[PDB]
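# Fold and contact review
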Amino acid sequence: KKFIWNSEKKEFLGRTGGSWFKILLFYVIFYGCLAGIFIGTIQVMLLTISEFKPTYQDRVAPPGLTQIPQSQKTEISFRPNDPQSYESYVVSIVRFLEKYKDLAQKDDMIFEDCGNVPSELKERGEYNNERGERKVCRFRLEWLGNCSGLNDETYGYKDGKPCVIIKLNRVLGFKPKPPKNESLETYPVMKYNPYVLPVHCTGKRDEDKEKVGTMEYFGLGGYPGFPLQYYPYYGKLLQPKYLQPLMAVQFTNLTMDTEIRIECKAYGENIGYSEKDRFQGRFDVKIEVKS
Amino acid sequence: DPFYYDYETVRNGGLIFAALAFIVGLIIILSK
Amino acid sequence: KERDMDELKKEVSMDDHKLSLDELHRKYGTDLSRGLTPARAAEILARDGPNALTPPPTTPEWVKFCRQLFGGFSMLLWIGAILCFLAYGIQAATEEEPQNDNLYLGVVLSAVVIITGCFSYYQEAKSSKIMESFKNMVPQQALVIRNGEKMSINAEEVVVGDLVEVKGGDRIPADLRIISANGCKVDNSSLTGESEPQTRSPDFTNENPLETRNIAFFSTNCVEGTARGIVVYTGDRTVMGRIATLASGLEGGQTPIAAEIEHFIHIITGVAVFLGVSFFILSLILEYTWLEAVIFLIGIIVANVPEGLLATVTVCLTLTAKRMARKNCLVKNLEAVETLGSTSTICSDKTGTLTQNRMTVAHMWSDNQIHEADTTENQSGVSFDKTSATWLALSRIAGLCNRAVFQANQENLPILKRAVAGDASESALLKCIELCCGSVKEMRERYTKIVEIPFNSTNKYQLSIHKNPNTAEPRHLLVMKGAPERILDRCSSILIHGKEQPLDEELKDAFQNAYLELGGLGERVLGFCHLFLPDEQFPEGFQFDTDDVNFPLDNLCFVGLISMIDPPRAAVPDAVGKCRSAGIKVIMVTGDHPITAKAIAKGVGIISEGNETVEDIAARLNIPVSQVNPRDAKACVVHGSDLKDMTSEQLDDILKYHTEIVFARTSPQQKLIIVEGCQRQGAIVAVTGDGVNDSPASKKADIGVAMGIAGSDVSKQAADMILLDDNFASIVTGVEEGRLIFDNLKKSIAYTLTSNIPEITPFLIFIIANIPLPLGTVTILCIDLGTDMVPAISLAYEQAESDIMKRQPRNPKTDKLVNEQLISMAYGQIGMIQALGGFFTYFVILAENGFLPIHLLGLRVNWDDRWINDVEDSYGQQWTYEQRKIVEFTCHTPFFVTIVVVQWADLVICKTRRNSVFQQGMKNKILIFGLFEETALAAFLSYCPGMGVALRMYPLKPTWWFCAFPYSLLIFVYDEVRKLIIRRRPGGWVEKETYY
Ligand SMILES: *[C@@H]1O[C@H](CO)[C@@H](O[C@@H]2O[C@H](CO)[C@@H](O)[C@H](O)[C@H]2NC(C)=O)[C@H](O)[C@H]1NC(C)=O
Ligand SMILES: *[C@@H]1O[C@H](CO)[C@@H](O[C@@H]2O[C@H](CO)[C@@H](O)[C@H](O)[C@H]2NC(C)=O)[C@H](O)[C@H]1NC(C)=O
Ligand SMILES: CC(C)CCC[C@@H](C)[C@H]1CC[C@H]2[C@@H]3CC=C4C[C@@H](O)CC[C@]4(C)[C@H]3CC[C@]12C
Ligand SMILES: CC(C)CCC[C@@H](C)[C@H]1CC[C@H]2[C@@H]3CC=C4C[C@@H](O)CC[C@]4(C)[C@H]3CC[C@]12C
Ligand SMILES: CC(C)CCC[C@@H](C)[C@H]1CC[C@H]2[C@@H]3CC=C4C[C@@H](O)CC[C@]4(C)[C@H]3CC[C@]12C
Ligand SMILES: *[C@@H]1O[C@H](CO)[C@@H](O)[C@H](O)[C@H]1NC(C)=O
Ligand SMILES: [Mg+2]
Ligand SMILES: [Mg+2]
Ligand code: NA
């Protein structure tokens, strides 16, 4: 019963030739119309959204806090001697900071020198296209002291006492609001509370907090945070080649050959947190400089 | 702020809808 | 070596009954008048076994439970669960932090089979338990003569070779060899199928030990008289004992419904392995290693298995079996409910199944006119004219001159189904006078009997003289009855409307042709007459002792004839007409005489009027039967004597060229051979019987139908369906429901099979286009085992789109349950629109949050990664792991809602296979609730507090519920116009490709 392949009365794979043609023709017409219909409705869907703003932005309510060494498990384990042990980190740091060089930010028609001091927010009108392509405030590598250097093609970073910069999740129209001067016990920080979003790192428990000896923060003018002069974001279409603020953190007094946990928590009113997303607002890292 | 969605009103509406439709279906199968 | 044991049982029994009185006692070593000594009796008691059939083979309850966990469908779900744990074994040991999805599915697939097994087992067990309340096993003690003394002992305490005596009313214990009888008539109804009471004569009469009269049989009741006999066979070695053991050692076969389930699995797994393999190779060609490719193969093959379809199918069959039990038509088998719908050839028993197996007065001859009395079982027929004087004169002859009376508790019982003591003929007469002529209680005592003459061995006549109570004539009334040929010789006067006339040959030959008319109709006719004795010659004080000629035997006044025969049941003729109307070939298989079976077949519908047999054509042309061409005979009577000398090709030729066949005088084994001959044609066969001879016929048949009360227990246990009410029209209801559930099954299946396309397409393009997952696993379980459960069940409550009892029975080789058209529709067209409807909602949600569809290509690489918390969208926003995972789960929930939205239209279009929805109508209240419950449950699974915590199903923004609206309306309009062209153009294109 499974040799219905052919017969002298015309059957192939089960049916005749004329029948295979009729069915194939019908299915092609049917599926072609289905494709045209899905395309028409999806086109209506594309027309219900604008090019300058996403319709829904509440799923990104609390901005994240990422780092440069995008580790496989947010862990930094290497050898202070072996250069190939920390190659995966440095390569990513150089590739990330490759767009921050003084030669990359050279055009004066798309770049604007914000300033050496964090100032108030810079609102460049509304989000429509009535205005041309907005300007992006510059951010030179010199602001992150001791974690920038004037190295060659390879940024000779810190072997002992490594560096880990943090970055605030770029959100369209997001206006960061640092905490009020009535700081609810925010771990010694500078008095530049009004024009910079604070970010303070710490251990996680009585053990990690003791293992981590001294931390040194670096930012715009020396403040541990992100300046408000770089916000809000106006999308990639209106602001291409945009440079979000950066802030470096170096762990000087570390206990070598011991994995210790660090939590860099960003503070502010417009910065939420989440017990399910350890990256919303806060940020975790597991450092271990094994020699 | 545009970064907030009244999910509670929609959720409350979805549950009332899920309650009214179920009791109506129960009235449907009990034609008396 | 059981192959030889079954063959020595399929053979007709043999005997040594044809022996002289001296030789039998020499062979068995038994005294003819004293039996045997009690010690010799207990020796054969402890030698071979007590006189009782070996109990049936007990079926433990854990056996049939593990049976319901296996099968053909559950086997598919079992191999699927095995693939789930195998795929889980590969995923756990090879990658980091494995997900519990596949294992969550393996435990779910296993639970599906266990729950279905517990439910189906509760239903079949519930069917067997009520059957356990029907075994009214009443021990019956026999009268055995031993050591010259009569002793009443248990039936099991009887052995081989000893004298046994039976009384009129006593049931024959074992197979006896009659040695001395006296007007003893035994009831061979439940065994050989002989209707009228066959007398038992000590002398050997027929070679066949069955037709002979010197043999009493197991499970046969002595109607009247008494007789002696020597036990020949005992226990299982008896006649009906070997027949029962044969029924227990026969194969049930493969039901057609199960064959359709298996044929369904062949296609499901054929396309499942096709997609799994083609995508496995495509996956290895792209970039995925062998490690991930094997999981793709298993995931694609397993996801193509209808999980929720086993429960919907089992419940569908259960729902129909429920209506079977409502009308007292129990089915011990849950799937045998569909077997009647696929039936194309019914093999019915005559005595006990078609007929009532009870002698009843049929026709009467009065005033040279034939009057038909109501022979129905419920008295729902035309009543004869009961006002003339000839009827009163005849009714007194029958109601008075008869040895039949009612018993003690026979008061509240109906006039027909009540017990009556006496001969079968006298019982029919008493039940006719107690029903049409008032009552026989005060009518019998109204005429004080003086001298009676019982039935004689020769010139069988029964007469009696009574006093006259009329307030006009004091002349004694003498009544007499007998055979028409015996009473014609003892009469000269004739009654007509009250007055008398001579024996003129003009009306005398008119009585003779009426005698041949009621006789040729297969009935038994008796002649009744009465005469007024002269009170001037025989005064009121003269005693006419029964010695010499005190009453004039001749010159009597004949009133009329009275015929009688076992009539068919009430709803039997119309039911036969309904089965032949649907196109089922009806063939009577019985062991009765051909003279009565031919008439019953003509009276029930098996033999149509006008159609002639091979013998009727020969009788019409006054030529020998060997001249006519059997092709000129539409119907034909097959005698059992000639069936013994036949091959398989000859039986095939009898069944092909003859539409109306009646097998008469066929042994139980021959009934089995006839059933096998009909199955050789490849047609579905249903056998309906009542006696033990029908046990091997109801067991081997695809389905056996037994009577709940008028049928023996053996044939009742070997059958697959029991008629508790014995109403034969239940067969018509069974075939109707059997075809209706089959079509509702096609609908219920195409419904669950349509949802497979949008359940698998997300995972397919997930691998193809490298896009994030559009539909999760938990969300798929909420569709197959959640929302769609009620619509698939409510789809069973559907009615007929036309007249099902008008179309012809399905062809097992052509009309399959799941053909290539159903797949062309569900998997090809409808499921296709549902899959595109899901992807639309998917892109809508992603594009409105910032992830345009064009930006979603190749994004799953950094999307499913748990540590890249800065995945860029189309607007440049950076999304962490849980933010975008929150969007993906709130993108799976609306995909699930999209499935429900398109299932609205899919349920409405699968609801009707040919007619428009406006034609059939949404009157199915369970289907309306199937939609309300589906919608409320879908909204509840998304908006309940904690759904994103337990099932990862976040609430939906109210704008997503309308993303799938145009697709559902499209599905509805396209299928409606499809059914419309099927209506206006029923030729071939729109009907042979889409109509399933
Ligand atoms: C950046 O690194 C330099 C070393 O290259 C640090 O310079 C040392 O600073 C300490 C005081 O903290 C002096 O006592 C040493 O003499 C300095 N050494 C050299 C070689 O300059 C410098 O402090 C670091 N900058 C910051 C902000 O920590
Ligand atoms: C840097 O950390 C070291 C510990 O690794 C500190 O020095 C230790 O001080 C304790 C007393 O509290 C001594 O018992 C250890 O022997 C010291 N170890 C070494 C290597 O000196 C040191 O004080 C820290 N320095 C700063 C600036 O935080
Ligand atoms: C084809 C038609 C007749 C089916 C009728 C049912 C339709 C109209 C119903 C079924 C489910 C319904 C949705 C149920 C749940 C939600 C969330 C709630 O907080 C707002 C109402 C909203 C958005 C409803 C819109 C209308 C809706 C889609
Ligand atoms: C991921 C992508 C590339 C897979 C595309 C699969 C498409 C092209 C396949 C899947 C199922 C197929 C159909 C399966 C059922 C039928 C009915 C049959 O008697 C003829 C083949 C026909 C008409 C096929 C046409 C092509 C089809 C729609
Ligand atoms: C021939 C005619 C009937 C078909 C017309 C197509 C209609 C029914 C389709 C085409 C595009 C569809 C709309 C596409 C865009 C939006 C915005 C979205 O977030 C919700 C779905 C919604 C609201 C759809 C509703 C139904 C819609 C208007
Ligand atoms: C906050 O308060 C301190 C003193 O408590 C003061 O020196 C500082 O200027 C204040 N800053 C603002 C922004 O008010
Ligand atoms: Mg019978
Ligand atoms: Mg499924
Ligand atoms: Na069977």
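Residues numbered from 1 in each chain as written, not as in the entry; some residues may be left out. Chains lettered and ligands numbered in written order. Heavy atoms only, no water.

## Quick word on the overall build of chain C
Our working definition: Starting at the N terminus, helices and strands are each numbered in turn, a helix being any DSSP run of H or I of at least four residues and a strand any DSSP run of E of at least two. The cut-offs for exposure are 20% and 50% of the maximum accessible area for each residue type, with area from a 1.4 Å probe on protein chains only; residues under the lower value are buried, those over the upper are exposed, and the others partly exposed. By definition, residues are in contact when any of their heavy atoms lie within 4.5 Å. Surface accessibility in these figures is a Shrake-Rupley result with a 1.4 Å probe; residues are shielded only by whichever protein chains are displayed.
Scanning chain C from terminus to terminus reveals 38 helices and 29 strands. Dimensions of chain C, computed from the C-alpha atoms along their principal axes, are close to 135 × 65 × 60 Å. The proportion of buried residues among the 996 residues of chain C is 55%. Restricting the contact set of chain C to residue pairs at least 6 apart, pairs at least 24 apart contribute 72%. A total of about 42000 Å² of accessible surface is found on chain C, and carbon and sulfur atoms cover 57% of it.

## Here's the deal with the pairing of strand β11 (residues 284-289) of chain A
Residues and elements named next belong to chain A. Under the convention used in this document: Two strands form a pair only when DSSP identifies at least two bridges running between them.
The buried fraction of β11 amounts to five of the six residues, a majority that puts the element mostly inside the structure. Bridge analysis of strand β2 (residues 75-78) against β11 gives four bridges, and the strand direction is parallel. Its bridge partner being in β11, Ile 76 is matched across the sheet by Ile 287. Direction of pairing for strand β10 (residues 260-266) relative to β11: antiparallel, over a ladder of four bridges.

## So, the sheet that holds β10 of chain A
Residue and element names in this part refer to chain A. Short version of the rule: All axes are obtained by fitting lines to C-alpha atoms, using only the stretch in contact for helices, and the reported angles, taken between N-to-C directions, cover 0 to 180 degrees.
As summarised here, the arrangement of the five strands in space is β2-β11-β10-β6-β8, forming an open sheet in which the pairing is mixed. With one partner strand each, in any of the chains shown, β2 and β8 (225-227) form the two edges of the open sheet. Direction aside, neighbouring strands of the sheet carry axes that sit 20 degrees apart on average. As paired strands, strand β6 (residues 196-202) and β10 are joined by four bridges and run antiparallel to one another. Of the residues in β10, the one forming a bridge with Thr 202 is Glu 263.

## Comments concerning the coordination of the sodium ion (ligand 9)
Octahedral metal centres with six donors ideally show angles of 90 or 180 degrees, and tetrahedral centres with four donors ideally show 109.5 degrees. Just so we agree on the cut-off: Counted as coordinating are nitrogen, oxygen and sulfur atoms within 2.8 Å of the metal, or 3.2 Å for Na, K and Ca, while water is not included, which may make sites look incomplete.
Every protein donor of the sodium ion (ligand 9) is accounted for by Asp 720 of chain C (OD) and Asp 720 of chain C (OD), and the metal-donor separations fall at 2.5 to 3.0 Å. Residue placement: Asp 720 of chain C occurs in the loop between α26 (713-718) and β27 (721-723).

## Some thoughts on the interface of chain A and chain C
This is how the line gets drawn: Here the quantity called buried area is the accessible surface, traced with a 1.4 Å probe, that two parts lose on coming together, added over both. Any carboxyl oxygen of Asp or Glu that lies within 4 Å of a side-chain nitrogen of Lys or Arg is treated as forming a salt bridge with it.
If you look at the interface, chain A gives 49 residues, while chain C gives 48 residues. Counting the surface lost from both chain A and chain C, the interface buries some 4100 Å², and carbon and sulfur atoms represent 57% of this. Contact with chain C buries area across many residues of chain A, yet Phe 38, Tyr 56 and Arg 59 of chain A alone supply 19% of it, more than any other trio. Where chain A touches chain C, the interface holds four salt bridges. For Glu 872 of chain C, the salt bridge is made with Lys 236 of chain A, and the minimal N-O distance between the two is 4.0 Å.

## Side note on the state of the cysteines
Put simply, the rule is: Note on disulfides: each one is a pair of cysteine sulfur atoms within 2.5 Å.
Taken as a whole and assessed by the stated rule, the structure comprises three disulfides over all chains. Bridging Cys 114 of chain A to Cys 137 of chain A, the disulfide has an S-S length of 2.0 Å. Torsion about the S-S bond of the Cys 114 of chain A and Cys 137 of chain A cystine: about 80 degrees, corresponding to right-handed handedness. Of this pair, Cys 114 of chain A sits in the loop between β3 (111-112) and β4 (136-137) while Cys 137 of chain A sits in strand β4, and the two are 23 residues apart along the sequence. Between the sulfur of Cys 147 of chain A and that of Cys 163 of chain A lies a disulfide, 2.0 Å long from S to S. Classification of the bridge connecting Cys 147 of chain A and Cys 163 of chain A rests on its S-S torsion, roughly -80 degrees, and on that basis the disulfide is left-handed. Residue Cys 147 of chain A is found in the loop between β4 and β5 (163-168), and its partner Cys 163 of chain A is found in strand β5; the two are separated by 16 residues along the sequence. What makes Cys 147 of chain A buried here is its relative accessible area of 0%. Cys 910 of chain C provides the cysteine sulfur closest to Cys 316 of chain C, a residue in no disulfide bond, and the two sulfurs are 13 Å apart.

## A closer look at the packing of aromatic side chains
Think of a pair of aromatic rings as described by two things: how far the centres are apart, and how the planes are tilted against each other in angle. This is how it is decided: Between the rings of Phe, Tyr and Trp (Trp by its six-membered ring), a pair exists once the centres lie within 6.5 Å; its type follows the angle of the planes, with under 30 degrees stacked, over 60 edge-to-face, and the other angles tilted. Geometrically, a charge over a ring is one whose NZ (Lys) or CZ (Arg) sits within 6 Å of the ring centre while staying within 35 degrees of the ring normal.
Following the criterion strictly, the structure yields 48 aromatic pairs over all chains and no others. Between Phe 538 of chain C and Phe 542 of chain C, the aromatic rings sit 5.9 Å apart at their centres with planes inclined by 15 degrees, giving stacked as the arrangement. The class for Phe 542 of chain C is partly exposed, based on a relative accessible area of 36%. Relative to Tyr 967 of chain C, the ring of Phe 840 of chain C has its centre 5.8 Å away and its plane inclined at 45 degrees; by these criteria the two rings are tilted. Here the residue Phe 840 of chain C occupies a position in helix α31 (residues 820-849), and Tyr 967 of chain C occupies one in helix α37 (residues 965-984), the gap between them amounting to 127 residues. Members of the aromatic cluster, joined through ring pairs, are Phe 26, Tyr 27, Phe 30 and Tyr 31 of chain A together with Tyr 974 and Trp 989 of chain C. One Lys or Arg, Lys 957 of chain C, reaches over the ring of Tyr 56 of chain A and ends 4.8 Å from the middle of that ring.

## Quick word on the coordination of the magnesium ion (ligand 8)
Residue and element names in this part refer to chain C. The protein atoms that coordinate the magnesium ion (ligand 8) are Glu 307 (OE), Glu 759 (OE), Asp 784 (OD) and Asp 784 (OD), at distances spanning 2.0 to 2.2 Å. Between consecutive donor residues of the magnesium ion (ligand 8), the sequence gaps follow E-x451-E-x24-D. Of the two residues, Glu 307 sits in the loop between α10 (290-303) and α11 (309-326) while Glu 759 sits in helix α28 (residues 756-768), which places them 452 residues apart along the sequence. An identical accessibility class is assigned to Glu 307 and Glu 759; each is buried.

## Some details on the nonpolar core
Heads up, the condition is: What is meant by a nonpolar core is a set of buried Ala, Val, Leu, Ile, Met, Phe, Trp, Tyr and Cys residues, joined one to another through side-chain atoms within 4.5 Å.
Within the largest apolar cluster, 213 residues are counted, with the highest numbers of intra-cluster contacts made by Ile 166 of chain A together with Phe 264, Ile 606, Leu 753 and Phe 896 of chain C. If you tally residues by element for this core, the top one is α31 of chain C, at 18 residues. Residues in contact with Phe 896 of chain C, not counting those within four places in the same chain, are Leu 775, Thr 779, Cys 782, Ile 783, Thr 787, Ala 938, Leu 941 and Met 953 of chain C. Within the second largest apolar cluster, 35 residues are counted, among which are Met 359, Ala 424, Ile 433 and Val 559 of chain C.

## Side note on empty space enclosed by the protein
Residue and element names in this part refer to chain C. Note the cut-off: A cavity here means a set of 1 Å grid points, computed over protein atoms only, where a 1.4 Å probe fits but cannot escape. A pocket is an open set with protein on both sides within 12 Å along at least 5 of 7 lines, and lining residues have an atom within 4 Å of a point. Grid points are joined across faces, edges and corners, and a volume is the space filled by probe spheres set on the points.
Applying the stated criterion across every chain, the model contains 17 cavities of 30 Å³ or more. Within this model, the largest cavity holds a volume of roughly 170 Å³. Forming the walls of the largest cavity are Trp 365, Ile 487, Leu 488, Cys 491, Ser 492, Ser 493, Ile 494, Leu 503, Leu 507, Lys 508, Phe 511 and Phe 558. Looking at the lining of the largest cavity, the elements that each hand over two or more residues are β18 (493-496) and α18 (505-520).

## Considering the UniProt feature "binding site: Mg(2+)" in chain C
Residues and elements named next belong to chain C. Note the following rule: UniProt positions are given in the numbering used here, feature names are shortened, and annotations may be inferred rather than shown by experiment. In protein, a polar contact requires one atom able to donate a hydrogen and another able to accept it; more generally it is a pair of N or O atoms within 3.5 Å, and residues adjacent in sequence count only if both atoms are side-chain atoms.
The sites that UniProt annotates as "binding site: Mg(2+)" are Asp 690 and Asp 694. Excluding anything up to four places from it in sequence, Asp 690 contacts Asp 349, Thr 351, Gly 352, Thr 353, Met 707, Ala 710, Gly 711, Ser 712 and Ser 715. Looking at the element boundaries, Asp 694 is found in the loop between β25 (685-689) and α25 (695-700). Engagement of the side chain of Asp 694 in a polar contact is seen with the side chain of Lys 671, the distance being 2.6 Å.

## Thoughts on the site of ligand 4
In plain terms, the rule: Whether a residue is near a molecule or strand depends on its heavy atoms: it is near if one of them lies within 4 Å of it. The classification used treats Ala, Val, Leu, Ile, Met, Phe, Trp, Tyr, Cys and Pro as nonpolar, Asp, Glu, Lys and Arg as charged, and all other residues, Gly among them, as polar.
Taken together, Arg 15, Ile 23, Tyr 27 and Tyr 31 of chain A together with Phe 279 and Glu 820 of chain C make up all the residues around ligand 4. Among the chains of the assembly, those with residues near ligand 4 are chains A and C. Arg 15 of chain A is positioned with one of its side-chain polar atoms (N or O) 2.9 Å from an oxygen atom of ligand 4. Within the contact set of ligand 4, an oxygen atom lies 2.5 Å away from a side-chain nitrogen or oxygen of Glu 820 of chain C. Taken by itself ligand 4 offers 630 Å² of open surface, and the protein chains cover 45% of this. Considered class by class, the residues forming the shell around ligand 4 number four nonpolar, no polar and two charged.

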